[PDB]
């Protein structure tokens, strides 16, 4: 079962290759049992609970945590308190980038407005023939693809005047 470090990088590179068909979803319109303490995400999930809609990623890149004494030349994303170094595909193995960075914005009413508690990334999403737009209602997706990673968090309310920028880093 002993996989190499490079096996994880290979898996991350494989996800990045699916960029043209990678979408970030928002869901869970209904309240958690405890709104202040969301339950831990169960890996057996094949999709989001009460999926609202799908949004094509603004950015998808391989990455790795910054070293303590490193002054990075490459771009950095500063997720609250911890810095990540974005690595181009060619330096994947040399940099040991076994993590994947994903970013997407939910601008106003492009998807139905309301509360949401879930964020997840799907690869190989089939938009119904005749649709190119990055914002897809669940009735507009032909086959949701494969839910790769998701997160359960405290509710956020979205209005036609609100732009929600959702970004996350997943280890592979």
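Positions refer to the first chain, counted from 1.
Higher mean CA temperature factor between 64-72 and 23-31: 64-72, per the PDB entry. Averaged over their C-alpha atoms, the temperature factors of 32-40 and 114-122 are higher for 32-40.
Per-chain ranking of the deposited C-alpha B factor places residue 58 in the middle third. Ranked by Cα temperature factor within the chain, residue 52 sits in the middle third according to the deposited record. In the deposited entry, the Cα temperature factor of residue 109 places it in the highest third of its chain's modelled residues. Sort the chain's modelled residues by C-alpha temperature factor and residue 101 lands in the lowest third, per the entry.
For residue 130, the recorded CA B-factor ranks within the highest third of the chain. Only modelled residues enter the ranking.
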